[PDB]
Amino acid sequence: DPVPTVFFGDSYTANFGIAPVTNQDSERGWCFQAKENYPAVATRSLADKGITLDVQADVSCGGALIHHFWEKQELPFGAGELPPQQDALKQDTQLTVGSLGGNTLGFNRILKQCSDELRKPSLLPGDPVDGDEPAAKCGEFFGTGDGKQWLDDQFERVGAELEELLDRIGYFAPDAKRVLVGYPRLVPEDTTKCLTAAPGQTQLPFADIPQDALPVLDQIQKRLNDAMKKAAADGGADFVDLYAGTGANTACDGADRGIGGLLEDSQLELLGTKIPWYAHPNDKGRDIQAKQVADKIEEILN
């Protein structure tokens, strides 16, 4: 029995950094949606356990904010405007899975704030929150400064928009089981580990980000995780808590790492260049994602 499914989301579903990309040569090339993202791999796995997903659309795309679910996404450099992701839903859609949220909080703006290196031209969307405040001071800015209230404002828009995401799904695909996928843990409980470069790497997991800012960044990820859990519980959705189980598969777990480093090379080649991971899941991280999601779908379909 086919289970009509829609995959949606941001760079953590599109799996920015994994190549080859789908639609290489068309407008959606700028989505940086790998051919083998967690949705692709989860369908495979499930198929050989006998769960047959009839995938109707996989509209995840890098840089998607929560409201891109209901608004047009503008791709970089004039590629175009993509239709709202909600448009992929059908009345007969029975399963919807994706990760939306990090870009509404502006986890990218928090990384760029904490790093001068990230403040120079890159393929990571966003602007520092306080661009005059200095990179090196970022763990103060967010903990005691202006950043600290900025965060409570971002977190309030997040809570409101996730509820709205969940209600629009409910509205267009009334029979759909909703699966909100969480983000993998970026920084480990023991930050000392980030002080080493990963076997074979020359740059540190988080480049120039002050070591002191490292535990704040995790605090903020935890938070976003609790916001996503809540939103799902209150909205009738299921949640895949990737954060709780990637505690030893962070960006700082050397060779067991499931997050490529900030400046580490991804598999993405633009002219004759590798594009950095920018802290997105790597191959290992993508298999965890796949495994955990496939796990959860299986559970829910039984």
# chains A, B, ... in the order shown; residues from 1 in each chain; ligands from 1

call {"tool": "residues_around", "arguments": {"residues": "region 43-58 of chain A", "least_positions_apart": "2", "cutoff": "7 Å", "atoms": "only C-alpha atoms", "output": "PDB file with N, CA and C atoms, in the first residue's frame"}}
result
ATOM      1  N   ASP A   1       0.885  -1.181   0.000  1.00  0.00           N
ATOM      2  CA  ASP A   1       0.000   0.000   0.000  1.00  0.00           C
ATOM      3  C   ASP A   1       0.919   1.226   0.000  1.00  0.00           C
ATOM      4  N   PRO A   2       0.728   2.006  -1.046  1.00  0.00           N
ATOM      5  CA  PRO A   2       1.518   3.243  -1.158  1.00  0.00           C
ATOM      6  C   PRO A   2       1.040   4.118  -0.005  1.00  0.00           C
ATOM      7  N   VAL A   3       1.859   4.921   0.609  1.00  0.00           N
ATOM      8  CA  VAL A   3       1.550   5.862   1.696  1.00  0.00           C
ATOM      9  C   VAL A   3       1.981   7.178   1.034  1.00  0.00           C
ATOM     10  N   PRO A   4       1.035   7.918   0.510  1.00  0.00           N
ATOM     11  CA  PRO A   4       1.369   9.184  -0.170  1.00  0.00           C
ATOM     12  C   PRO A   4       2.115  10.087   0.805  1.00  0.00           C
ATOM     13  N   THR A   5       3.322  10.548   0.506  1.00  0.00           N
ATOM     14  CA  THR A   5       4.106  11.361   1.439  1.00  0.00           C
ATOM     15  C   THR A   5       4.676  12.648   0.920  1.00  0.00           C
ATOM     16  N   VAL A   6       4.760  13.691   1.721  1.00  0.00           N
ATOM     17  CA  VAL A   6       5.362  14.953   1.262  1.00  0.00           C
ATOM     18  C   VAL A   6       6.526  15.209   2.229  1.00  0.00           C
ATOM     19  N   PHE A   7       7.675  15.560   1.722  1.00  0.00           N
ATOM     20  CA  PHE A   7       8.886  15.873   2.513  1.00  0.00           C
ATOM     21  C   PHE A   7       9.012  17.391   2.330  1.00  0.00           C
ATOM     22  N   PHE A   8       9.365  18.102   3.384  1.00  0.00           N
ATOM     23  CA  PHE A   8       9.429  19.574   3.318  1.00  0.00           C
ATOM     24  C   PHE A   8      10.566  19.956   4.255  1.00  0.00           C
ATOM     25  N   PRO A  39      15.390  12.019   3.621  1.00  0.00           N
ATOM     26  CA  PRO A  39      14.157  11.519   2.989  1.00  0.00           C
ATOM     27  C   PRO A  39      14.407  10.416   1.961  1.00  0.00           C
ATOM     28  N   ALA A  40      15.354  10.540   1.041  1.00  0.00           N
ATOM     29  CA  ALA A  40      15.680   9.522   0.010  1.00  0.00           C
ATOM     30  C   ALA A  40      16.055   8.190   0.660  1.00  0.00           C
ATOM     31  N   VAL A  41      17.030   8.260   1.545  1.00  0.00           N
ATOM     32  CA  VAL A  41      17.577   7.129   2.298  1.00  0.00           C
ATOM     33  C   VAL A  41      16.507   6.550   3.186  1.00  0.00           C
ATOM     34  N   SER A  60      11.955  20.248   0.238  1.00  0.00           N
ATOM     35  CA  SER A  60      12.904  20.883   1.197  1.00  0.00           C
ATOM     36  C   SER A  60      13.837  21.768   0.364  1.00  0.00           C
ATOM     37  N   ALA A  88       2.628  21.684  -2.072  1.00  0.00           N
ATOM     38  CA  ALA A  88       2.955  20.306  -2.380  1.00  0.00           C
ATOM     39  C   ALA A  88       1.971  19.315  -1.750  1.00  0.00           C
ATOM     40  N   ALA A 294      13.174   7.106   9.758  1.00  0.00           N
ATOM     41  CA  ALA A 294      12.603   5.827   9.306  1.00  0.00           C
ATOM     42  C   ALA A 294      12.091   5.103  10.542  1.00  0.00           C
TER      43      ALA A 294
END

call {"tool": "residues_around", "arguments": {"residues": "residue 245 (chain A)", "least_positions_apart": "5", "cutoff": "12 Å", "atoms": "only C-alpha atoms", "output": "PyMOL selection string"}}
result
chain A and resi 182-186+188+240+250+258+285+288-289+291-292

call {"tool": "atom_distance", "arguments": {"atom1": "CA of residue 243 (chain A)", "atom2": "CA of residue 261 (chain A)"}}
result
17.2 Å

call {"tool": "select_by_dssp", "arguments": {"residues": "region 8-237 of chain A", "states": "helix (DSSP H, G or I)", "output": "JSON, numbers by chain"}}
result
{"A": [11, 12, 13, 14, 27, 28, 29, 30, 31, 38, 39, 40, 41, 42, 43, 44, 45, 46, 47, 66, 67, 68, 69, 76, 77, 78, 85, 86, 87, 88, 102, 103, 104, 105, 107, 108, 109, 110, 111, 112, 113, 135, 136, 137, 138, 139, 140, 141, 146, 147, 148, 149, 150, 151, 152, 153, 154, 155, 156, 157, 158, 159, 160, 161, 162, 163, 164, 165, 166, 167, 168, 169, 170, 171, 172, 191, 192, 193, 194, 195, 214, 215, 216, 217, 218, 219, 220, 221, 222, 223, 224, 225, 226, 227, 228, 229, 230, 231, 232, 233, 234, 235]}

call {"tool": "closest_atom_pairs", "arguments": {"of": "region 201-255 of chain A", "to": "region 263-266 of chain A", "cutoff": "9 Å", "atoms": "only C-alpha atoms", "output": "tab-separated table"}}
result
residue	atom	partner	partner_atom	distance
A:201	CA	A:264	CA	7.5
A:202	CA	A:264	CA	8.7
A:203	CA	A:263	CA	7.0
A:204	CA	A:263	CA	8.3
A:205	CA	A:264	CA	7.8
A:206	CA	A:263	CA	7.6
A:207	CA	A:263	CA	6.6

call {"tool": "write_last_selection", "arguments": {"atoms": "C-alpha atoms", "output": "tab-separated table (two decimals), in the first residue's frame"}}
result
chain	number	residue	atom	x	y	z
A	201	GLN	CA	41.32	18.49	9.26
A	202	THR	CA	43.38	21.60	9.67
A	203	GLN	CA	40.51	23.78	10.80
A	204	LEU	CA	38.76	23.42	14.09
A	205	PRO	CA	35.10	22.21	14.15
A	206	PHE	CA	33.82	25.78	14.64
A	207	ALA	CA	36.66	27.85	13.09

call {"tool": "closest_residue", "arguments": {"among": "A:118, A:290, A:97, A:262", "to": "residue 38 (chain A)", "atoms": "only C-alpha atoms"}}
result
A:290

call {"tool": "residues_around", "arguments": {"residues": "residue 140 (chain A)", "least_positions_apart": "6", "cutoff": "9 Å", "atoms": "only C-alpha atoms", "output": "list in words"}}
result
residues 147, 148 and 213 of chain A

call {"tool": "write_last_selection", "arguments": {"atoms": "N, CA and C atoms", "output": "PDB file, in the first residue's frame"}}
result
ATOM      1  N   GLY A 147      21.732  40.775  22.382  1.00  0.00           N
ATOM      2  CA  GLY A 147      21.509  39.452  21.784  1.00  0.00           C
ATOM      3  C   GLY A 147      20.517  38.718  22.677  1.00  0.00           C
ATOM      4  N   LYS A 148      20.782  38.770  23.974  1.00  0.00           N
ATOM      5  CA  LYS A 148      19.856  38.087  24.909  1.00  0.00           C
ATOM      6  C   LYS A 148      18.422  38.529  24.706  1.00  0.00           C
ATOM      7  N   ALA A 213      31.929  30.897  23.677  1.00  0.00           N
ATOM      8  CA  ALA A 213      30.623  31.038  23.023  1.00  0.00           C
ATOM      9  C   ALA A 213      30.037  29.648  22.787  1.00  0.00           C
TER      10      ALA A 213
END

call {"tool": "closest_residue", "arguments": {"among": "A:157, A:178, A:284, A:257", "to": "residue 65 (chain A)", "atoms": "only C-alpha atoms"}}
result
A:157

call {"tool": "closest_residue", "arguments": {"among": "A:218, A:81, A:164, A:175", "to": "residue 189 (chain A)", "atoms": "only C-alpha atoms"}}
result
A:218

call {"tool": "select_by_dssp", "arguments": {"residues": "region 119-253 of chain A", "states": "strand (DSSP E or B)", "output": "PyMOL selection string"}}
result
chain A and resi 177-181+238-240

call {"tool": "residues_around", "arguments": {"residues": "residue 230 (chain A)", "least_positions_apart": "5", "cutoff": "9 Å", "atoms": "only C-alpha atoms", "output": "list in words"}}
result
residues 159, 225 and 235 of chain A

call {"tool": "residues_around", "arguments": {"residues": "region 149-154 of chain A", "least_positions_apart": "6", "cutoff": "12 Å", "atoms": "only C-alpha atoms", "output": "ChimeraX atom specification"}}
result
/A:101-107,109-110,128-130,141-143,160-161,216-217,219-221,223-224,227

call {"tool": "write_last_selection", "arguments": {"atoms": "C-alpha atoms", "output": "PDB file, in the first residue's frame"}}
result
ATOM      1  CA  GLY A 101      12.673  26.354  12.358  1.00  0.00           C
ATOM      2  CA  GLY A 102      16.406  26.997  12.596  1.00  0.00           C
ATOM      3  CA  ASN A 103      16.278  29.821   9.971  1.00  0.00           C
ATOM      4  CA  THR A 104      13.325  31.532  11.693  1.00  0.00           C
ATOM      5  CA  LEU A 105      15.358  31.613  14.950  1.00  0.00           C
ATOM      6  CA  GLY A 106      18.254  32.573  12.744  1.00  0.00           C
ATOM      7  CA  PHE A 107      20.850  30.041  13.786  1.00  0.00           C
ATOM      8  CA  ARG A 109      22.759  34.898  12.095  1.00  0.00           C
ATOM      9  CA  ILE A 110      24.024  33.531  15.444  1.00  0.00           C
ATOM     10  CA  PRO A 128      25.088  39.012  11.952  1.00  0.00           C
ATOM     11  CA  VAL A 129      22.478  40.077  14.533  1.00  0.00           C
ATOM     12  CA  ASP A 130      24.614  43.058  15.824  1.00  0.00           C
ATOM     13  CA  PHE A 141      26.225  39.609  23.411  1.00  0.00           C
ATOM     14  CA  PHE A 142      23.830  36.643  23.469  1.00  0.00           C
ATOM     15  CA  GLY A 143      24.115  35.956  27.201  1.00  0.00           C
ATOM     16  CA  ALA A 160       3.884  31.119  16.992  1.00  0.00           C
ATOM     17  CA  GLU A 161       4.932  30.112  13.443  1.00  0.00           C
ATOM     18  CA  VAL A 216      25.827  29.249  24.697  1.00  0.00           C
ATOM     19  CA  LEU A 217      25.350  27.970  21.189  1.00  0.00           C
ATOM     20  CA  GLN A 219      22.078  26.270  25.247  1.00  0.00           C
ATOM     21  CA  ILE A 220      20.353  28.008  22.319  1.00  0.00           C
ATOM     22  CA  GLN A 221      20.083  24.678  20.393  1.00  0.00           C
ATOM     23  CA  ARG A 223      16.024  25.724  23.620  1.00  0.00           C
ATOM     24  CA  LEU A 224      15.042  25.534  19.978  1.00  0.00           C
ATOM     25  CA  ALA A 227      10.385  24.838  21.361  1.00  0.00           C
TER      26      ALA A 227
END

call {"tool": "atom_distance", "arguments": {"atom1": "CA of residue 228 (chain A)", "atom2": "CA of residue 31 (chain A)"}}
result
23.0 Å

call {"tool": "closest_residue", "arguments": {"among": "A:18, A:135, A:195, A:42", "to": "residue 287 (chain A)", "atoms": "only C-alpha atoms"}}
result
A:42
